[PDB]
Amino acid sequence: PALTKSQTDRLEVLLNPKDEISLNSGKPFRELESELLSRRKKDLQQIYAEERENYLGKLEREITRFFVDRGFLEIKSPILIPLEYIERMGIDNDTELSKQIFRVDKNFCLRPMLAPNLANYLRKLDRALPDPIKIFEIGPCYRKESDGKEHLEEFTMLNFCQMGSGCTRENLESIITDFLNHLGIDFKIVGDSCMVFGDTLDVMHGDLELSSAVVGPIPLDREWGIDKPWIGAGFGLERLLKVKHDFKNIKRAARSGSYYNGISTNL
């Protein structure tokens, strides 16, 4: 008995990283599907009985506590933003990131990153708060993607940043190290570059990019009224969850009607 592509795809939906089941051992599809359906129902019943917290919600809460306790102000800024912020961030009207923007109406878009709203907060808060200014945000961001195992069109970003004193590469690396040590995630730092910010310190878990981080100043600062040293980093929460839970596909971690805490809801 050989399994079709449709049958293999169904069993993959129902399989979880903790299982050790051979799909092509010769056991018939009916028995493999029944076994995995029972395991997944049991898993969902246990979540309902004992935890009840959503992985993305819980991780946002965990990250929020970490940064609040370290002196960063928690921001919740608009997800629907002016389309003018795109050109103003140096996302040239050519393509790459520009073709990835979801437009809303004629003058708005869904934010593809948190940085512009955070830059506006740094500028405004510097007129009232003592040095250094430390803020962060966690929330939804949106990009059109070719959709692989590591990209979502609707994902969740953390961006923390600081402006004023202490905005050095060593302090940025120290914050990233404390943060990922808190989550229990091994990493290395590798140099990369991007169109918006220039040179980045990319935080890698193996071949998976968890974050890009930047040490300012950069030429873009003038356009946003930023006139002091700064440091910042952006992380994808679903990528963090993919590492934490050993998911093969980031879709297990996404906002979704198709998975609850990585368990298929098609049972």
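Numbers follow the displayed sequence, beginning with 1.
Asker: Which has higher Cα B-factors on average according to the PDB entry: 15-23 or 249-257?
Answerer: It is 15-23 that shows the higher mean C-alpha B-factor.
Asker: Of 170-178 and 142-150, which one has the bigger average CA B-factor?
Answerer: Comparing 142-150 with 170-178, the higher average CA B-factor belongs to 142-150.
Asker: Please work out which residue in 232, 57, 236, 206 has the highest C-alpha B-factor recorded for this crystal structure.
Answerer: It is 206.
Asker: Can you tell me which of 194, 75, 161, 79 has the maximum CA B-factor listed in the PDB entry?
Answerer: Most elevated C-alpha B-factor of the set, per the entry: 194.
Asker: In terms of the chain's CA B-factor thirds, is residue 64 lowest, middle or highest?
Answerer: Tercile = lowest for this residue's CA B-factor.
Asker: Would you check the entry's CA temperature factor for residue 267 and let me know if it's in the chain's lowest, middle or highest third?
Answerer: It falls in the top third of the chain.
Asker: Based on the entry's values, in what third of the chain does the Cα temperature factor of residue 32 lie: lowest, middle or highest?
Answerer: Answer is middle: the recorded C-alpha B-factor places it there.
Asker: What third of the chain does residue 120 rank in for C-alpha temperature factor, lowest, middle or highest?
Answerer: Middle third by C-alpha B-factor.
Asker: Splitting the chain's C-alpha B-factors into thirds, which one does residue 53 fall into?
Answerer: Within its chain, residue 53 is a lowest-third residue by C-alpha B-factor, going by the deposited values.
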